[PDB]
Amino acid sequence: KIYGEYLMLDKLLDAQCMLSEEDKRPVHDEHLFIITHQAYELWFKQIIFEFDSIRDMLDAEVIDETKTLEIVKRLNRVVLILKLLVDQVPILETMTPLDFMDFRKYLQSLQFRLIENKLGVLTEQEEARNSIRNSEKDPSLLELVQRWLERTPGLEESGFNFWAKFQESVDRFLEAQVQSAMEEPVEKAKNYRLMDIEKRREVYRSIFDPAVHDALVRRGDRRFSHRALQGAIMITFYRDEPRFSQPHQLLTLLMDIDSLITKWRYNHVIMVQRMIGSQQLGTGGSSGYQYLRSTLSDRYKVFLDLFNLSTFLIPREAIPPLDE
């Protein structure tokens, strides 16, 4: 009921134990190290709580406008929490490498891994063991978003039939581009345009040929199923329409989360290099540092497909108009 009892500050403000102070050789900056890590872990619990509720909302065959708005609110909340965590790195960077060296002797996160897994970081790229097992077995946000995207209204052949209208629009647009390039007076400009239209033909081949798409998914360049990519492309085309404005905001927030997780990884790896360099006494070489540098690759970006959707764009007047 009262502030301290409600927030359980007798439990929370009792979890700070400096091992340098315990060994009667105290290092002042060890308190900062503990608090910073515990602030991260509190916000990790919050991110997991939000993610689990969004997963339960996405694990339904019908996701109405009302549930969609609540998913957008919670994805945006996670975006704000991630920005706060990126800003916590410069606070720990206040500690000197020599101060850190004086308590390092007494020294990853279950919650960070649960976030990676629940978001959709692919594994091929006892209470704690059960938690990690369930986070890999149960559907991630990447899987649940794909199923949502696959059921996007406008994709069905009987209804709006977007993919078929898009292939036809592309064909007529590229034909008009070839005729325009043929009328180019300068020969150099004419050839540049014709070579460019050929590059466009290759781009559309990667989406209009399911075999080419499946090859890229197996290769690791794509994660999304063919139909989820169709739904994602459709939403990006009609994002200015009220029907698709909120679904697009959902995709946008997923990309913002992905980008912010990489911004944390980068800020963390720069802090590691400022504190202990590429290697230091106890590191056993630069293996740990080099591992952290490999987490900055696109193999760790979950919604990798969403970032490239603008490659497939056609002008407003080339896009098939909404009928319904």
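Between two forms, the rigid core is defined as the largest C-alpha subset superposing within 1.5 Å. The first residue of the shown sequence is 1; numbering continues from there.
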Farther-lying stretch by C-alpha RMS in 4 other deposited structures of this protein (rigid core fit) among 126-134, 161-169: 126-134
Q125 to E126: deposited residues without atomic coordinates: 10 or more
Quick one: classify how much of the deposited chain lacks coordinates between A176 and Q177, choosing none, 1 to 3, 4 to 9, or 10 or more. none
Tell me which of 215-223 and 202-210 has the higher mean C-alpha B-factor in the deposited entry. 215-223
Look over 277-285 and 255-263 in the entry and identify the one with the greater average Cα temperature factor. 277-285
Selection from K190, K83, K73, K118 [criterion: highest C-alpha temperature factor in the record]: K190
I63, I54, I48, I34, ranked by C-alpha B-factor: the highest one: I63
Quick check for you: using the entry's CA B-factors within this chain, is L98 in the lowest, middle or highest third? middle
Check where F312 lands among this chain's C-alpha B-factors and tell me if it's the lowest, middle or highest third. middle
Of the three thirds of the chain ranked by Cα temperature factor, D14 occupies the middle
Which third, lowest, middle or highest, does the CA B-factor of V272 fall in along this chain? middle
Among the modelled residues of this chain, does the Cα B factor of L141 put it in the lowest, middle or highest third? middle
